[PDB]
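Here is the structure we will look at.
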Amino acid sequence: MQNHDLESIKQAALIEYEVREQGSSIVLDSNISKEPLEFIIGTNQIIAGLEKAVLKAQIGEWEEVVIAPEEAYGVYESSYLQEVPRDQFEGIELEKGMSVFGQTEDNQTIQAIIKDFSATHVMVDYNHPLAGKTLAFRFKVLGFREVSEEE
């Protein structure tokens, strides 16, 4: 029960995006300086992290969505094994594929997943700074317009 037009007709939704690093002034790529990108309502050909963002962004409103490296292009993963002595675990039982914890000297405790375990040594998955990092995909919905196959 609404007195509005028949929204059944397809439209050209223009958007613009810029992929920058967090904190750093450098830029990786941009289309904003080049020219905008039109698509039809429903054709989310963009990255999956931005697909869940574009539905929440309104017309004329800037939005900034930080995405992980494994959630954009996946070139350099953050999953590496580390050999740890069972001396660190003498009072706490272990298994393949459990969430384990590790108290650092920095008065903190990281969380990780065990890949293999024996009575001699244990092999735990951790991250490393040689991997990728988080990036800021900024974008805006420029807006949708009706278009025709003539002009």
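Every chain in the structure tokens takes a letter, A first, then B, and so on in the order presented; its residues are numbered from 1, and the ligands are numbered from 1 following the presented order.
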
Open item on the list: For the structure I just gave you, how does DSSP split region 5-127 of chain A - specifically, which residues are helix (DSSP H, G or I)? Reply as a PyMOL selection string.
Closed with: chain A and resi 48-54+69-71+86-89

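Proximity ranking of A:11, A:2, A:45, A:30 relative to residue 137 (chain A) places A:30 first, based on only C-alpha atoms.
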
TODO: Mind listing the strand (DSSP E) residues of region 89-140 of chain A, per DSSP on the backbone, as a list in words?
DONE: residues 99, 100, 101, 102, 103, 104, 108, 109, 110, 111, 112, 113, 114, 115, 116, 117, 121, 122, 123, 124, 125, 126, 135, 136, 137, 138, 139 and 140 of chain A

Writer output for current selection, N, CA, C and O atoms, as a short mmCIF file (atom, residue, chain, number, x, y, z; two decimals), in the first residue's frame:
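The result, written out as out12.cif:
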```cif
data_model
loop_
_atom_site.label_atom_id
_atom_site.label_comp_id
_atom_site.auth_asym_id
_atom_site.auth_seq_id
_atom_site.Cartn_x
_atom_site.Cartn_y
_atom_site.Cartn_z
N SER A 99 41.66 -24.60 19.46
CA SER A 99 42.07 -23.26 19.88
C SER A 99 42.92 -23.31 21.15
O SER A 99 42.41 -23.59 22.24
N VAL A 100 44.22 -23.04 21.03
CA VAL A 100 45.19 -22.95 22.14
C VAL A 100 45.57 -21.49 22.42
O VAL A 100 45.39 -20.61 21.56
N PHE A 101 46.13 -21.22 23.60
CA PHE A 101 46.54 -19.89 24.06
C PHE A 101 48.02 -19.88 24.48
O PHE A 101 48.58 -20.91 24.87
N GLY A 102 48.67 -18.71 24.41
CA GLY A 102 50.11 -18.54 24.69
C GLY A 102 50.44 -17.20 25.35
O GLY A 102 50.33 -16.14 24.72
N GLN A 103 50.80 -17.22 26.63
CA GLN A 103 51.14 -16.03 27.41
C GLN A 103 52.52 -15.47 27.01
O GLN A 103 53.55 -16.10 27.25
N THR A 104 52.55 -14.29 26.38
CA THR A 104 53.78 -13.55 26.03
C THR A 104 54.34 -12.76 27.23
O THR A 104 53.61 -12.42 28.16
N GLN A 108 50.47 -10.25 28.00
CA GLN A 108 49.33 -10.56 27.13
C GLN A 108 49.29 -12.06 26.77
O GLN A 108 50.21 -12.81 27.09
N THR A 109 48.22 -12.50 26.10
CA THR A 109 47.99 -13.91 25.73
C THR A 109 47.39 -14.01 24.32
O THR A 109 46.22 -13.65 24.13
N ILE A 110 48.17 -14.46 23.33
CA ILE A 110 47.64 -14.69 21.96
C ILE A 110 46.79 -15.96 21.89
O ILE A 110 46.84 -16.80 22.79
N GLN A 111 46.04 -16.14 20.80
CA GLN A 111 45.21 -17.32 20.51
C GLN A 111 45.52 -17.88 19.12
O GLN A 111 45.70 -17.11 18.17
N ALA A 112 45.61 -19.20 19.00
CA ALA A 112 46.10 -19.89 17.80
C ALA A 112 45.54 -21.32 17.65
O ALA A 112 44.79 -21.77 18.52
N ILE A 113 45.90 -22.05 16.58
CA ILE A 113 45.38 -23.40 16.28
C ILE A 113 46.53 -24.41 16.06
O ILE A 113 47.41 -24.20 15.23
N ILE A 114 46.51 -25.51 16.81
CA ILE A 114 47.51 -26.60 16.72
C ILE A 114 47.32 -27.42 15.44
O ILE A 114 46.21 -27.87 15.15
N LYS A 115 48.39 -27.62 14.66
CA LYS A 115 48.41 -28.36 13.38
C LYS A 115 48.89 -29.81 13.53
O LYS A 115 48.36 -30.69 12.86
N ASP A 116 49.85 -30.08 14.42
CA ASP A 116 50.32 -31.42 14.79
C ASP A 116 50.83 -31.42 16.24
O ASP A 116 51.37 -30.42 16.69
N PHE A 117 50.69 -32.53 16.98
CA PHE A 117 51.18 -32.67 18.36
C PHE A 117 51.78 -34.06 18.61
O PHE A 117 51.23 -35.08 18.20
N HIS A 121 57.68 -32.74 20.74
CA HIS A 121 57.39 -31.37 20.29
C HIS A 121 55.96 -31.23 19.76
O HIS A 121 55.29 -32.22 19.45
N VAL A 122 55.50 -29.99 19.61
CA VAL A 122 54.19 -29.62 19.05
C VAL A 122 54.35 -28.52 17.99
O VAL A 122 55.27 -27.70 18.06
N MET A 123 53.48 -28.53 16.98
CA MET A 123 53.52 -27.70 15.78
C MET A 123 52.24 -26.86 15.70
O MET A 123 51.16 -27.38 15.41
N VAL A 124 52.34 -25.56 15.99
CA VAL A 124 51.20 -24.64 16.12
C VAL A 124 51.22 -23.62 14.98
O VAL A 124 52.27 -23.06 14.65
N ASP A 125 50.07 -23.38 14.34
CA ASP A 125 49.89 -22.31 13.35
C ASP A 125 49.93 -20.93 14.01
O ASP A 125 49.21 -20.68 14.97
N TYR A 126 50.74 -20.01 13.47
CA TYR A 126 50.77 -18.58 13.83
C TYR A 126 50.85 -17.70 12.58
O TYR A 126 51.19 -18.15 11.48
N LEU A 135 43.98 -3.28 4.14
CA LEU A 135 43.86 -2.14 3.21
C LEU A 135 42.48 -1.48 3.34
O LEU A 135 41.47 -2.14 3.60
N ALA A 136 42.42 -0.17 3.13
CA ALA A 136 41.22 0.66 3.17
C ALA A 136 40.62 0.83 1.76
O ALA A 136 41.04 1.68 0.98
N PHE A 137 39.62 0.01 1.42
CA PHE A 137 38.73 0.23 0.28
C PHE A 137 37.70 1.32 0.63
O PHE A 137 36.67 1.06 1.26
N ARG A 138 37.98 2.58 0.25
CA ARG A 138 37.00 3.67 0.31
C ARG A 138 36.16 3.70 -0.97
O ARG A 138 36.69 3.44 -2.05
N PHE A 139 34.88 4.02 -0.86
CA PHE A 139 33.98 4.16 -2.00
C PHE A 139 32.83 5.15 -1.76
O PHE A 139 32.59 5.59 -0.63
N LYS A 140 32.08 5.48 -2.81
CA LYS A 140 30.80 6.20 -2.76
C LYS A 140 29.84 5.73 -3.85
O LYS A 140 30.25 5.47 -4.99
#
```

- [ ] With a distance cut-off of 8 Å and only C-alpha atoms, select the neighbouring residues of residue 60 (chain A), excluding the residue or stretch itself and same-chain residues fewer than 3 positions from it, and output the selection as a count of residues only.
- [x] 4

TODO: Rounded to one decimal place, report the CA of residue 20 (chain A)-CA of residue 145 (chain A) distance in Å.
DONE: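 Here the two named atoms are 28.4 Å from each other.
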
Open item on the list: Considering only C-alpha atoms, can you say which of A:49, A:44, A:34, A:18 comes closest to residue 62 (chain A)?
Closed with: A:18

Task: d(CA of residue 148 (chain A), CA of residue 9 (chain A)) in Å - done: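 According to the coordinates, CA of residue 148 (chain A) and CA of residue 9 (chain A) are separated by 11.5 Å.
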
Open item on the list: When you count only C-alpha atoms, which of these residues is closest to residue 47 (chain A): A:70, A:63, A:149, A:90?
Closed with: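 The closest residue to residue 47 (chain A) is A:70.
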
TODO: Could you check which of A:59, A:67, A:53, A:1 is closest to residue 22 (chain A), using only C-alpha atoms?
DONE: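 Checking each candidate against residue 22 (chain A), we get A:67 as the closest.
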
- [ ] Would you mind reading off the distance between CA of residue 39 (chain A) and CA of residue 51 (chain A), one decimal, in Å?
- [x]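 If I compute the distance from CA of residue 39 (chain A) to CA of residue 51 (chain A), I get 12.7 Å.
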